[PDB]
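Let's start with one chain on its own, the form solved without the partner chain, as structure tokens.
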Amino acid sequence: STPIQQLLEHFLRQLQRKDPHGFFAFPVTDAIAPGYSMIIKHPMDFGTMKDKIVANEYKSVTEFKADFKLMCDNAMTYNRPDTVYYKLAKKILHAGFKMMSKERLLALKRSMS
């Protein structure tokens, strides 16, 4: 509904397309993941990121990237390396940081001249 909201909704869509199972769609709770609220002090997921975009809570692309990387880092902390959760998190962390790279953002900035 503002330019930044629209750009971030775009990025979120593209990241969520890489999670066909919806592993990261909603907050992980203790009711599904024993010890999660002890092990993971700052949970994050795509649903919560969608809400923050909607609420225009991200001042910048940096802040949005921070939330994305927190989500992936938590998945890689709580879950063992042979799991679907860990693997996908590692994968989509690198895919998303390529998508939203400093170089790609600079080009986007020149185009907004």
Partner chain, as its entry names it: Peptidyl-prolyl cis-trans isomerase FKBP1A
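Residue numbers count along the first chain shown, from 1.
This next part talks about the form deposited with the partner chain bound, which is not shown.
In the bound PDB entry, the partner chain sits within 4.5 Å of a heavy atom of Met76.
Proximity of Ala66 to the partner chain in the bound PDB entry: non-hydrogen atoms within 4.5 Å are absent; the residue sits far from the partner. Contact annotation for 37-61: residues with any non-hydrogen atom within 4.5 angstroms of the partner chain in the bound PDB entry are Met38, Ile39, listed in sequence order.
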